[PDB]
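Since the structure comes first, as structure tokens, the remarks are kept for the end.
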Amino acid sequence: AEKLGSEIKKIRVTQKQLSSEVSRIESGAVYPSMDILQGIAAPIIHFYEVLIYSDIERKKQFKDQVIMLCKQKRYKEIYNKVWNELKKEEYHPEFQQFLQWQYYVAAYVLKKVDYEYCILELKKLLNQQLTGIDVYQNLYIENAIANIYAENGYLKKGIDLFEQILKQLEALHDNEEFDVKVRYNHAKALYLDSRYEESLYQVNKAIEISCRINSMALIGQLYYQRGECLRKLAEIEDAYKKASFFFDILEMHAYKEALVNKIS
Amino acid sequence: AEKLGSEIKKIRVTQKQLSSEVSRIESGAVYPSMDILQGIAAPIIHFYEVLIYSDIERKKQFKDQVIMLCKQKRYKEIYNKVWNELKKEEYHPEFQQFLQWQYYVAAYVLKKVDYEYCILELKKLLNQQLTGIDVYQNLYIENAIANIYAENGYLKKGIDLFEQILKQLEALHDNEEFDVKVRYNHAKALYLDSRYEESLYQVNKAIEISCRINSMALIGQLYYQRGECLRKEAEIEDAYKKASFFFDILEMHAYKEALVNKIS
């Protein structure tokens, strides 16, 4: 917003001669006029290019800010930060969708809204969009809808939406870290429905990805499900010892507590 | 480049809203004029916003294309792809710098240029810039210069440039995956200079990050250096067994071959 005349002040290396009001552009009081903007460096795209790069810097700051709190599980502080930013009257169909997605789910987590009310308020952002920035944003929403059928028992419809993501996965496999989040959530519910068949296939497909993308993010939880999926049907001890290893090195003691009560 | 009148054709959902040549904007034969651009949706930033998002889509495609080949170690195919793209007369100080960085290093790898000639051709990109997209791009070049002092023996000056990156790491810790690449390369040379003291500190500092960022990218190679740094028997066996585990699961047999010749 202020970056317009910021690099312009330094690109000068003549402020009096550029043909009075010109000196307000280097501060950032008012946005430059249609005809006045053309007068600079006389390229036309670069004066606008910086405005997007300054925007996407602070947008990604916020997008990476909600991540830290999500892991911290500080939902009320997400809810507040996502409301105060939303409170500021700003127009962006792609950024608003994310903000309001995080708002509805946070409210659902904080038990402010119903499981169904949340589904409805999420569905509307999904079925009515014009996203040209991040195509994966709408995919995370579907997982957000699908994974909130688990502690609800509508998993039969949940799996349908998880299988619906597999079809969209083949269309430019750019982000694999998300596959691991979906495949793990898919395999989490398959074991809950007590379908021990393709629950193993989904785990061993995410384990395959985690080893090639070098992300041990869900790996501990992934081998724990392999050891539990193999538990009902030498290979069981193999996956059991593999998981237990990660839990301590990744500093996850909470999930390490319910390990000894499962082995012996 | 063609995305200008692409969403415009669909945003119409009006056809004869002039106030003839207007129809070629849908194809993208010529870029729209300054005064003609104003007569659209009647916002002004959105017609330009798509042009950057279409640009950064295909730019990132290429940036993520060089990555796959780098791991594949298919340097001549990088060298060719980076030359053919460079051959196309395009003006971008940030994209050109990357292209030519990959070109000089590839030539150095293919043994086309000297270690010093490479240093010089890399140094010029570093000392003359105006970055406003990837701030970490010039840091990768520094590491590229610094890590190419190893099979050269000027590691004393190499470490100076590696320590120079530590100061720049505190200034907004965005990419932790790069820290792991630098800290590992720093600790690789410290062991080569035969300074077994802070070679252990640097490994365990990156091991700490790899566990918090959930990236097992250099973890196998990191524990292998911990086991070798501790080598010059209880703590040594601990780091030795830890590394060996990863090598097979990450499908790295080449580095697994020189394990049995080190344990017994």
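Chains A and B supply the protein sequences, listed in that same order. Just so you know, our numbering puts 154 at position 126 of the first sequence, and the rest follows in order with no gaps. Just so you know, our numbering puts 150 at position 147 of the second sequence, and the rest follows in order with no gaps. Backbone N, C-alpha and C fix where the C-beta goes; we use that ideal spot for every residue, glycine too.
- In the three-state scheme derived from DSSP, where H, G and I count as helix and E and B as strand, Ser218(B) is classed as strand.
- Taking the CA atoms as reference points, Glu265(A) sits about 26 Å from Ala220(B).
- If you draw a straight line from the Cα of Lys76(B) to the Cα of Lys245(B), it is about 27 Å long.
- In the structure shown, the three-state DSSP call for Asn178(B) is coil.
- The DSSP-derived three-state label of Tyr82(B) is helix.
- DSSP places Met255(B) in the coil class of the three-state scheme, outside both helix and strand.
- Between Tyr82(B) and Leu113(B), the CB-CB gap stays under 8 Å.
- Each residue's CA atom was taken as its position, placing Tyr212(A) and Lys159(B) some 47 Å apart.
- Across the structure, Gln130(A) and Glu256(A) are spaced so that their CA atoms are roughly 32 Å apart.
- Proximity of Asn217(B) to chain A, defined by a Cβ-Cβ separation below 8 Å, is satisfied.
- Each residue's CA atom was taken as its position, placing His120(A) and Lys12(B) some 21 Å apart.
- One alpha carbon belongs to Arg198(B), the other to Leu129(B), and they sit about 29 Å apart.
- For the stretch 48 to 76 of chain B, the beta-carbon criterion of a distance under 8 Å to any beta-carbon of chain A is satisfied by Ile48, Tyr51, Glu52, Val53, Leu54, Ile55, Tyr56, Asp67.
- With respect to chain A, the C-beta atom of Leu262(B) has no partner C-beta closer than 8 Å.
- DSSP places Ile84(A) within a helical segment (H, G or I) once states are collapsed to three.
- In the structure shown, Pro121(A) adopts helical secondary structure according to DSSP, grouped into three states.
- Between the alpha carbons of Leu169(B) and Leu253(B) lies a gap of roughly 29 Å.
- Around the beta carbon of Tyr118(B), a 10 Å sphere encloses fewer than 16 other beta carbons of the protein chains shown; the residue is thus reported as exposed.
- Between the stretch 29 to 40 of chain B and the stretch 46 to 61 of chain A, the count of C-beta pairs closer than 8 Å stays below three; the two stretches do not touch.
- At a beta-carbon threshold of 8 Å, the residues of chain B lying near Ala245(A) are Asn217, ordered along the chain.
- Under the three-state reduction of DSSP, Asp221(A) is assigned to coil, being neither helix nor strand.
- Scanning the stretch 111 to 196 of chain A for uninterrupted beta strand (DSSP E) segments of 3 residues or longer gives nothing; none is fully contained.
- For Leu65(A), the uninterrupted alpha helix (DSSP H) run begins and ends at 62 to 66, by DSSP.
- In the three-state scheme derived from DSSP, where H, G and I count as helix and E and B as strand, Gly255(A) is classed as helix.
- The criterion of a C-beta distance shorter than 8 Å is not satisfied by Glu205(A) and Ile161(A).
- A direct Cα-Cα distance of roughly 23 Å separates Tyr56(B) from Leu114(A).
- Annotation: Cβ neighbours of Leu253(B) in chain A (cutoff 8 Å, chain order): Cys239, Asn242.
- Scanning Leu233(B), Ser213(B), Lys6(B), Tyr107(B) for the CA closest to the CA of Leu123(B) turns up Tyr107(B).
- The C-beta of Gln66(A) comes closer than 8 Å to at least one C-beta of chain B.
- Apart from the 5 residues on each side of it in sequence, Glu117(A) has no Cβ closer than 8 Å to any other Cβ in its chain.
- In this structure, the beta-carbon distance from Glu173(B) to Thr134(B) does not fall below 8 Å.
- With a threshold of 8 Å between beta carbons, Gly135(B) makes contact with chain A.
- When only Cα atoms are considered, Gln131(B) and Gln100(B) end up about 10 Å apart.
- In the structure shown, the three-state DSSP call for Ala29(A) is coil.
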